[PDB]
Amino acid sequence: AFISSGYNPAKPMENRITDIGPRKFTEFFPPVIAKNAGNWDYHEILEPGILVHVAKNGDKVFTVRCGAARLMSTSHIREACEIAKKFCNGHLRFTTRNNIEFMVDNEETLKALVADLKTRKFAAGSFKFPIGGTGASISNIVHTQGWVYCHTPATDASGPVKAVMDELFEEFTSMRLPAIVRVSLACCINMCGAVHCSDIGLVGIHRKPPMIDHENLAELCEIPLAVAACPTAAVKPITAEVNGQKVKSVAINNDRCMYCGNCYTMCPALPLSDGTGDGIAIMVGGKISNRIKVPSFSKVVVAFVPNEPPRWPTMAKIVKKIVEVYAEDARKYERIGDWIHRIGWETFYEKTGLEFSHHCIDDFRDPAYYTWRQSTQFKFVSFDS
């Protein structure tokens, strides 16, 4: 049957409520937070995934951080709520990296909560609420839609993310790194998320120019929009033929096209998706905090790795290698970007064993010149052999 909410399609503007925004955060605060907000004295990381904050008046609030898949069901949300109601008086929150945090005001409840969380697993096997993500570790991965929902991807998001966190799980439940290692993935160059400011960034990219649907382009597309959408000016207006007649369309110079797909974003008659052509570019060295060194962009170190569902072994292996070498060679407090700035790029490649390609050398506009080396300072590596 049609179960109505009360909305009247015949009189859509009748009883319409608008511009109310979200509920105020204050309505959902745990009592200990609401009371001591702004009066915190200090904090302490007790274990991987467990925090304690102490207010000026002595009150304490313990936080248990749990990893989550971001893409989740209502059933899973209801389970977090079940746990929240059982140990936290119905309270909980989500972090800026999509982990879940449960808070309690006393040690004994904390122990009970923690003991309970460790017993929750899926049939298949996987942990439902793995405790961790604090301190010098790898806490989840900021990611996108991929093949789950978007039309412009060059790769998947949930799949790769699951494969990478599985291989780095030991890094999530421990605090053994020189500093936090932020990982992020974006399924296309629009780069939603934080790929451009993370220690390791994964971005989906294409290697083939878009296909042109001349018969419908001028019907479905605002040509000036497709032309202006090209960073390298590879799109130009042209006359084409359809059924022998004259029609307005666009022409793409494959020599100026770097397959970003922005023209497709603006025009549905310029698809470029491709199973063998699409893959992932790997970046490293970015950060957003201002701790010691200023924030920085992540840099492309591996121009392309093929898509290999469901576990992307080649890509996963590259990420692991970088983390291992970095963790073994960097000094305390050094972010991947810090480390590389200290040892030098040639040394980075030498130590990681990653092959360097001219594809990593910037060639986009005048700023490109700055990425080149205007100094005699360089170290001899096997690359010079």
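Just count from 1 along the sequence shown to find any residue number.
**Student:** If you average the CA temperature factors as listed in the entry, which stretch comes out higher, 315-323 or 356-364?
**Tutor:** It is 356-364.
**Student:** On mean Cα temperature factor in this entry, is 202-210 or 233-241 the higher one?
**Tutor:** Higher of the two, by average CA B-factor, is 233-241.
**Student:** Which one, 100, 257, 288, 168, has the peak C-alpha temperature factor per the PDB entry?
**Tutor:** In this record, 257 carries the highest C-alpha B-factor of the candidates.
**Student:** For the C-alpha B-factor as written in the entry, point me to the maximum among 79, 107, 156, 308.
**Tutor:** In this record, 107 carries the highest C-alpha B-factor of the candidates.
**Student:** Could you tell me which third, lowest, middle or highest, the C-alpha B-factor of residue 334 occupies within its chain?
**Tutor:** For residue 334, the deposited C-alpha B-factor lands in the lowest third.
**Student:** Would the CA B-factor of residue 375 place it in the lowest, middle or highest third of its chain?
**Tutor:** Within its chain, residue 375 is a lowest-third residue by C-alpha B-factor, going by the deposited values.
**Student:** Per the entry's values, where does residue 267 land by CA temperature factor relative to the rest of its chain, in the lowest, middle or highest third?
**Tutor:** Highest third, going by the recorded CA B-factors of the chain.
**Student:** Please rank the C-alpha B-factors of the chain's modelled residues and tell me whether residue 132 sits in the lowest, middle or highest third.
**Tutor:** For residue 132, whose C-alpha B-factor we compare with every modelled residue in the chain, the answer is the lowest third.
**Student:** Lowest, middle or highest third: which one holds residue 248 when the chain's residues are ordered by CA B-factor from the entry?
**Tutor:** It falls in the top third of the chain.
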